[PDB]
């Protein structure tokens, strides 16, 4: 599925599945007709293992576990600020590259 399909929105992550404070991370996802496929998260925080995204073709939300994070330091106007990138568990090399691609390909 094409790279024109990849966009971003903030969403809700958590140490546990219950503790998903709304909107504390950026999520990379692909849109298609009617729903979405989240692929990875970017957050200020390093302890995350759960992700809460809108249910495709429905009202409501999904919860799927994350990989161990990927630590990057980005250049900010507030001095360097360190971010964490979580992929969805088992994300294939192409799609990882697409987010790494796009990520290095929008900041720093």
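Numbering follows the first chain given and starts at 1.
Legend entry - 91-99 versus 11-19 - which carries the larger mean C-alpha B factor in the record: Mean B over CA atoms: larger for 11-19.
Legend entry - Of 43-51 and 23-31, the one with larger mean CA B-factor: Per the PDB record, 43-51.
Inset, instruction - Divide the modelled residues of the chain into thirds by Cα B-factor and specify which third, lowest, middle or highest, holds residue 58. - result: Lowest third, going by the recorded CA B-factors of the chain.
Inset, instruction - Using the B-factors in the PDB entry, rank residue 70's C-alpha atom against the chain and give the third, lowest, middle or highest. - result: Its C-alpha B-factor, which the entry lists for residue 70, ranks in the highest third among residues of this chain.
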